[PDB]
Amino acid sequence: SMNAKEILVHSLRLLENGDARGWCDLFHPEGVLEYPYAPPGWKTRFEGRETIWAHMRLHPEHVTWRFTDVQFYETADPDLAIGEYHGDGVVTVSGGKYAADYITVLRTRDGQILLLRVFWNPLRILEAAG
């Protein structure tokens, strides 16, 4: 099955497709999603596939995303990936823009995600959403 880097690039393509169900299905049932720099007001951790789903569920209808090519650092374990990439987000009703630079840590096992730890600058969110 897929290694961490192939799962990251496939997870991004899923999001660009609006396919939240499939994105969430990549996680291990006890999969963890983390936003370590999220703003106060926001949860920085979502434990378990269903919890991640309950958060991601709602957004494809309202915002869509396009990511540049991931550049990966060379980790020793093929079940760990660490990557940098740029996302542009578009709010579907207004044409409102998000622009973000990520560095993301991904731990996989047997094709499923145990941990997706997604860093980005929460100023990018406060400027676009307030």
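Note that residue numbering begins at 1 and tracks the sequence as displayed.
Higher mean CA temperature factor between 81-89 and 59-67: 59-67, per the PDB entry.
In the PDB entry, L114 places in the middle third of its chain by CA B-factor. Looking at the C-alpha B-factors along this chain, the one for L12 belongs to the lowest third. Placement of the Cα temperature factor of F46 within the chain: middle third of the modelled residues, per the deposited record.
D101: CA B factor lies in the middle third for its chain, per the PDB record. In the deposited entry, the Cα temperature factor of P36 places it in the lowest third of its chain's modelled residues.
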